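As structure tokens, the structure follows; a few thoughts come after it.
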Amino acid sequence: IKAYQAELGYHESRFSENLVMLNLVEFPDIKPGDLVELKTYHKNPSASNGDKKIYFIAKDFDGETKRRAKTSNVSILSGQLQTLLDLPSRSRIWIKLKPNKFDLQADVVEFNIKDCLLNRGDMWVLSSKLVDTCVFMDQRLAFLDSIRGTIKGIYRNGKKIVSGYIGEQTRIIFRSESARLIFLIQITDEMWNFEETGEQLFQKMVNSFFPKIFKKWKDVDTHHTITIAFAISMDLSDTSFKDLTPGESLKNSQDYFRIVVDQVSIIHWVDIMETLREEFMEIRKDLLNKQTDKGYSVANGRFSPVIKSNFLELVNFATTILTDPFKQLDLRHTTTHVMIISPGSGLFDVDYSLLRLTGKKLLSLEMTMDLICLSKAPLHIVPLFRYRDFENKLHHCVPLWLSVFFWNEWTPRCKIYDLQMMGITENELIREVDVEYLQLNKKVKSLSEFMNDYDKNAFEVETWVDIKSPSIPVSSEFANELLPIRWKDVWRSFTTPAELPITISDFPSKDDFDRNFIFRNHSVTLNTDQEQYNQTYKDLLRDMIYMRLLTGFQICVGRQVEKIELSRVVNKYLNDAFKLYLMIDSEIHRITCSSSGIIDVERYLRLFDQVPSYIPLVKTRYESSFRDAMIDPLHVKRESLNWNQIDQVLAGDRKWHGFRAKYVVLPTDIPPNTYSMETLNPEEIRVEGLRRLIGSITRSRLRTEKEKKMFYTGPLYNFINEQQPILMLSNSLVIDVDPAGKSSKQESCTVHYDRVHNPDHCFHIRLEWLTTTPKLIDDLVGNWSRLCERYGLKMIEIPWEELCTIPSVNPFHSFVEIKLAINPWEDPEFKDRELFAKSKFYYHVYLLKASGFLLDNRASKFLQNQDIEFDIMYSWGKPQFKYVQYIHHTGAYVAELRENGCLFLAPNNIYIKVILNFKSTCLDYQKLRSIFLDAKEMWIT
Amino acid sequence: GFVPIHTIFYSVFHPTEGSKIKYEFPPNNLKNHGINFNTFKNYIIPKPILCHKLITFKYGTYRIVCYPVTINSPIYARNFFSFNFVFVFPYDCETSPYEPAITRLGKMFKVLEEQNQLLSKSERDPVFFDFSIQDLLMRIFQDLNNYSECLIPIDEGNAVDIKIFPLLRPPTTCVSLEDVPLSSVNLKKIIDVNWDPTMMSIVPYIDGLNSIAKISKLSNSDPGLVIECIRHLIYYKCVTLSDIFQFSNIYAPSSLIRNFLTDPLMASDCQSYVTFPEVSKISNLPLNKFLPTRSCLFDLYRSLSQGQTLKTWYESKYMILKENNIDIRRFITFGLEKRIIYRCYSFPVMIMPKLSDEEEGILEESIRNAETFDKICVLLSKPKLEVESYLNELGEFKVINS
């Protein structure tokens, strides 16, 4: 293959949309659409500019390009590629054509994602658009003209290259610099233990680890949400730690969890570090000063050691927040990465059944537990788990899902605390057992025979991998084998964590497939109502694969899947043959298609009762006392989804729900240009904005291709009986999220909006979506928010679940118990039978209204006066609300009013001073007394 | 042990009058001792190349240890803020235990100044821009001079926690398989939960007569990790290496044989050590078929000689050990532990079943490296006579008892 010398020329984006363009007339030997190497070289490595190998795709010029460009052989779009080339105009370069592409497929093409949510199915679709496309380093790609991406690494044959080619077998890896990161600080006895250099390990954690990781996050300009929680195991026995057997955990223990920083963006790193340092200084007083009922506090309690700590309980506490795939969407962040900071060296004594359950749970969800150890690297292979079997047999195992990093000439890698700290006095560790006394043999009758017999005998004598002994090393290939199979296709993990890879090159063997598997079969077909829309079998098929990727399935391509398919073409992206293989730890799905439209889905389905119940004590950010947790961290798990009904509803309903987000619009300040629109009432222009928003939603209705060719004030029951069986308070509508047609699929979502409105009642917008792209939902919400803010409203995003249920779902979330000081039903200063008969919660409602809390549940039966219209229902279902929820007018915080007068209070972390103000107002005699006095004054007058 | 601090002072770079001392404990200590700050002000606040480095220099009879810190940010005047927590020590000492403390103090104050602008706002003067220092310096000075430790809270979440640790010599690399370890301490009571599992396995087999190969085979451990664990125990000054006891060994008195005489507790410990607890059966065996006095023990320790093996020495003096009930292994071990005798190693330099390929390979490698008989015997797991027979089969050899 000859090398073709050529000139250089640039052009603007107004003339062409391609990257590198050639002339097909000038190069008749090069077919269009072929991988063509570009290199400026004279068969020499001329410093750095002489070695510039850049790939592209052979594409011809345009009519305007042919009419304009005459002296330029190659027309390359200006910008990033021009800067990478660093060549002046009309420079002599060379062109080489490679007819083979599969040998030139890059092994790894990285892709960094910022400030947006991209699902794993969206990554799969983006890689489907990158088939047969050449990329180079630091190239800013795009996806639906809103999702940017920088290619920060291209790898081939173990070598990093500036430019590469993306093929079918290209293991493209998507990493996110906008990600949810959880830090679990393992507070033990070794946090205050000194290292050999002279530093306590928490001093390392707060002065060398966290400042450096925040500096590295700012340097790459990542936009994360950190979540830092302490993690304490307290030993309740008086037995010494030297008497503890290796392998057995502590029998009597109490486990604590202090959430320091909640889901907080990393641009507030000063506040994050301040809260972390203050709470770490206060944790000793919080835990080691127990309260005795005699009226005083006794200094009692001991932190457990790292080896005997509650490590699997900490990991299950971390995995609580990923049990449900269909939770609330963090529309600006992508990856959930958990980092465990420990003062140990990767050695943990664990329970066997809990280890099995922890492995089975970690193999079924998208987290990478990156353990970081503040001690030096030990002499054994890390991470090391020691457990005792049912026959009291010691075992050693290295878990695949845990990766250990160490934060930092001979270095002491073995810890002897009593000799480093000189904890044993010199007179009391003097040697007691000495050399033996030269025992005989009872076969020796001579001293020479004894010497001869002494001189003759003087020199005589799938979630873990079982290490035979920590004191014998492992081979190089065994240490290469230690990596998880679901993450087999991957400082970079700390700063820019990676999502679950779209593909896996592993499969159960033929004997294992017939050993512990059961077979379930589907046959799902297009329905005639959805083919009125532009919906064939192909996009429904990739929507099903989109749902599988959302739950956590990876598309199997490799050798074992091919060798098990022929024992009856494997596919990775999307003709009529679409044989994919999708696998999680629970079940494996074989999906095949045809020209008829029937999708054949075969489910190969594959411990929780042999683990004791475990309810720890959890302190959130806004609490002052340790309270019992509302969820078992061990026994909550990723449930096997009822996939038959999922395929049934994507084809076209108890205990089933999709992705969902409740939306609250709220009255706020009016812009001054709005007041120049007939002079109208602010209430009139706000109801005009509400009507405009409702009309904008009903103008967003998804249409077929065939067709494209009440306001009041006061309580709700007063208005119900004023205009006076099921009364629907909401309307049904199926909208088109994307009207510009950026994506190639159908983006349909279901909208429920409130039929009736009060200025004192929150207005509710519902979005029920299954397979829609979340960025389109986010920009639709942004358009609605701009429309509301133009008319003086404020659309804000709110949890769908009730506030009382969030400690039983998300343990890291802030949640506090509010016990008001002045009880109207007990204190005789404010007590009346008639007032409490007319309004049972009058004082609490006035307290919430005086602090700026708008009401959420208008259909509540705790603030009612009469009952009529026996069945009330929303269009999205029945209101399953236990208490009376209240929303702040700024929407940062959510309140809830119980039946006993105690309030709940929790921030709106999805949207995200006033919280502490309201907590101090509720817990002050003077402020609450003044508010209740004002309430009584308003009641009398 | 640890040198007391002479003067602690906090120097800051003023944007108007340059580098200056802000606070200094003891008050006017530098001027009273003839220390002029303007002589070395360009090392306390140097150029940013020298900054964030442990700078220590000598000024007269004093050694000045500092960690200069420079933070570049547009919030400060002149686009940077520079300070230095400077420690002054006498010259004739070792400032090595204090250097990590000063480095971590500077790094922690760098973190705090980058986070919440602590030191810059503590000046209470808005010319550095676009909690008490003096009390902290007093507390650091007196706590490190009185306790070698400090816990000084400076905020609601920040405290100065400094502990001065001694510096220990690194263990040698000369430890090998044939060396037997002697534990100088009771290793069973030092074992807590933070020990390495390998070391915890090694501990019940360091009895003073087991070789490192024997300890590795007994504990089912790889010899390299046993070597590293013995090295770590050497680093904490608790295990001293020795030799395998054989009756083919050659022991000779050292230059410290007079320490058996000029020591108030060596001979009495020898009497209580080398004697059997009862009338042992070895003290009834023939050669072929009160406690011992200190003079007897000294006469037995002198009678060892170079080139005379322990078999010949014991068969020349066996009525003495039989009548005095003396354990010869315990006698030799006490002599070696007090360094009053030494072992002359045997070196098989060159000019029976069929030996294996790997066995003959390691034998040839041991011969070409001039290794001792002990190392070859350990490597082949054979006594001395089999090794001698195999070497005589392989060639002609001479033995040096050095």
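Of all residues in the stretch A:100-157, count the ones that are over 14 Å from A:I172 (Cα atoms) and among the hydrophobic types (A, V, I, L, M, F, W, C). Break it down into steps so the answer makes sense when it comes.
Applying the first criterion (over 14 Å from A:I172 (Cα atoms)) to the stretch A:100-157 yields A:100-104, A:114-119, A:138-140, A:142-148, A:157.
Narrowing the set further to residues that are among the hydrophobic types (A, V, I, L, M, F, W, C) leaves A:102, A:104, A:116-118, A:142-144, A:147.
Summing the residues that are over 14 Å from A:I172 (Cα atoms) and among the hydrophobic types (A, V, I, L, M, F, W, C) in the stretch A:100-157 gives 9.
Among the residues of the stretch A:395-438, count how many are at positive phi and facing chain B (nearest Cβ under 7 Å). Final tally of qualifying residues: 1.
Looking at this structure, is B:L168 not small (G, A, S) and not in a helix (DSSP H, G or I)?
In short, yes.
Screening the stretch B:83-114 for residues that are buried (at least 22 other Cβ atoms within 10 Å of the Cβ) and away from every other protein chain (no Cβ under 14 Å) and picking the one that is farthest from B:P48 (Cα to Cα) gives B:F87.
In the stretch A:787-804, is there at least one residue being surrounded by fewer than 17 Cβ atoms within 10 Å (Cβ to Cβ), within 17 Å of A:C902 (Cβ to Cβ), more than 31 Å from the chain's Cα centre (by Cα) and not acidic (D, E)? The answer is no; no qualifying residue exists.
Tell me, which strands (runs of 3 or more DSSP E) lie completely within the stretch B:1-81 with 3 or more residues that are closer than 18 Å to B:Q117 by Cβ and β-branched (V, I, T)?
On the way: elements: B:7-14, B:18-25, B:55-59, B:62-72.
The strands (runs of 3 or more DSSP E) meeting that bar are B:62-72.
Residue by residue through the stretch B:281-319, note down the ones that are part of a helix (DSSP H, G or I), within 14 Å of chain A (Cβ to nearest Cβ) and surrounded by 13 or more Cβ atoms within 10 Å (Cβ to Cβ).
To start, the set of residues in the stretch B:281-319 that are part of a helix (DSSP H, G or I) comprises B:282-284, B:294-302, B:310-316, B:319.
Subsequent filtering for residues that are within 14 Å of chain A (Cβ to nearest Cβ) retains B:282-284, B:310-316, B:319.
B:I282, B:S283, B:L310, B:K311, B:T312, B:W313, B:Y314, B:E315, listed by residue number.
Here is a list: B:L385, B:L379, B:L336, B:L355. Which entry is away from chain A (no Cβ under 14 Å), outside any strand (DSSP E or B) and either out of contact with any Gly (no Cβ under 9 Å at 6 or more places or on another chain) or surrounded by fewer than 19 Cβ atoms within 10 Å (Cβ to Cβ) (or both)? Checking each option against the conditions leaves just B:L355. Considering the conditions (1) in a loop (DSSP other than H, G, I, E, B); (2) more than 11 Å from chain A (Cβ to nearest Cβ); (3) closer than 30 Å to A:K285 by Cβ; (4) acidic (D, E), B:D125 is excluded by exactly one of them, (3). Only one entry in A:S596, A:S625 is out of contact with any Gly (no Cβ under 8 Å at 6 or more places or on another chain), surrounded by fewer than 19 Cβ atoms within 10 Å (Cβ to Cβ) and either basic (K, R) or within 30 Å of A:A906 (Cα to Cα) (or both), namely A:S625.
Considered as a group, the residues in the stretch A:885-922 that are of a type in the set (S, T, Y) and not in a loop (DSSP other than H, G, I, E, B) include one that is nearest to A:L329 (Cα to Cα), and that residue is A:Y893. Restricted to the stretch A:195-232, and to residues that are in a loop (DSSP other than H, G, I, E, B) and away from every other protein chain (no Cβ under 13 Å), which residue is nearest to A:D370 (Cα to Cα)? That would be A:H224.
State all residues of the stretch A:1-41 that are farther than 18 Å from A:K52 by Cα and polar (S, T, N, Q); if no residue qualifies, say none. Listed by number, the residues that qualify are A:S13, A:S16, A:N18, A:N23.
Filtering the stretch A:701-729 to residues that are hydroxyl-bearing (S, T, Y) and under 27 Å from A:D669 (Cα atoms) leaves A:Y712, A:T713. Taking the stretch A:472-584 and the helices (runs of 4 or more DSSP H) fully enclosed by it, the elements with 1 or more residues that are touching a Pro at 6+ places or on another chain (Cβ under 7 Å) are at A:537-551.
Any chance the stretch A:610-620 includes a residue that's polar (S, T, N, Q), surrounded by 13 or more Cβ atoms within 10 Å (Cβ to Cβ), outside any loop (DSSP other than H, G, I, E, B) and touching a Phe, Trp or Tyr at 6+ places or on another chain (Cβ under 8 Å)? Scanning the stretch A:610-620, I find no residue that is polar (S, T, N, Q), surrounded by 13 or more Cβ atoms within 10 Å (Cβ to Cβ), outside any loop (DSSP other than H, G, I, E, B) and touching a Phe, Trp or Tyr at 6+ places or on another chain (Cβ under 8 Å), so the answer is no.
Residues of the stretch B:171-196 being within 18 Å of the chain's Cα centre (by Cα), facing chain A (nearest Cβ under 9 Å), hydrophobic (A, V, I, L, M, F, W, C) and not in a strand (DSSP E or B), which ones? Result: B:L187, B:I190, B:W195. Going by what's in this entry, would A:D330 be described as acidic (D, E), farther than 30 Å from A:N642 by Cβ and outside any helix (DSSP H, G or I)? Against the criterion (acidic (D, E), farther than 30 Å from A:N642 by Cβ and outside any helix (DSSP H, G or I)), A:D330 does not qualify.
Report, by residue number, each residue of the stretch A:801-815 that is among the polar types (S, T, N, Q) and in a loop (DSSP other than H, G, I, E, B). Steps first, answer last, please.
Within the stretch A:801-815, the subset among the polar types (S, T, N, Q) is A:805, A:808, A:810, A:814.
Matches in the stretch A:801-815: A:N810, A:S814.
Scan the stretch B:3-23 for residues that are surrounded by 16 or more Cβ atoms within 10 Å (Cβ to Cβ), within 37 Å of the chain's Cα centre (by Cα) and over 20 Å from B:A77 (Cβ atoms) and the total you get is 6. As a summary of the residue check, B:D207 satisfies the conditions (1) facing chain A (nearest Cβ under 9 Å); (2) crowded, with 18+ Cβ neighbours inside 10 Å; (3) under 30 Å from B:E315 (Cα atoms) except for the one numbered (2). Within the stretch B:143-154, one or more residues are part of a helix (DSSP H, G or I), within 25 Å of A:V206 (Cα to Cα) and either within 11 Å of chain A (Cβ to nearest Cβ) or within 34 Å of the chain's Cα centre (by Cα) (or both).
Can you work out which of the residues in the stretch B:130-142 that are hydrophobic (A, V, I, L, M, F, W, C) and within 17 Å of B:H6 (Cα to Cα) is farthest from the other protein chains (Cβ to nearest Cβ)?
Residues of the stretch B:130-142 hydrophobic (A, V, I, L, M, F, W, C): B:131, B:133, B:136-138, B:140-141.
Adding the requirement that they be within 17 Å of B:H6 (Cα to Cα) leaves B:136-138, B:140-141.
Numbers: B:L136: 16, B:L137: 20, B:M138: 22, B:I140: 15, B:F141: 18 Å.
Filtering first and then ranking leaves B:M138.
Taken over the stretch B:210-246, the criterion of being part of a helix (DSSP H, G or I) and at the interface with chain A (Cβ under 7 Å from one of its Cβ atoms) is satisfied by B:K214, B:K217, B:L218, B:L225, B:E228, B:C229, B:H232, B:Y235. If you go through the stretch A:669-711 and pick out every residue that is of a type in the set (S, T, Y) and in contact with an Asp or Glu (Cβ under 8 Å, 6 or more places away or on another chain), you end up with 1.
Listed conditions (1) more than 30 Å from A:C373 (Cβ to Cβ); (2) at the interface with chain A (Cβ under 10 Å from one of its Cβ atoms); (3) in a loop (DSSP other than H, G, I, E, B) are all met by B:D263, apart from (2). Residues that are away from chain B (no Cβ under 13 Å) and either of a type in the set (A, V, I, L, M, F, W, C) or closer than 13 Å to B:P197 by Cβ (or both) within the stretch A:362-373 comprise A:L362, A:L363, A:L365, A:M367, A:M369, A:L371, A:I372, listed in sequence order. Restricted to the stretch B:358-372, and to residues there that are surrounded by fewer than 18 Cβ atoms within 10 Å (Cβ to Cβ) and of a type in the set (V, I, T), the residue that is nearest to B:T309 (Cα to Cα) is B:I367.
For the stretch A:440-471, enumerate the residues that are facing chain B (nearest Cβ under 10 Å), in a loop (DSSP other than H, G, I, E, B) and crowded, with 16+ Cβ neighbours inside 10 Å. Passing the criteria: A:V444, A:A458, A:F459, A:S469, A:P470, A:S471.
Positions of Cβ are backbone-derived with ideal geometry, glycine not excepted, and every protein chain shown enters the neighbour counts. Rule-based calculations on the coordinates, nothing more; no lab input.
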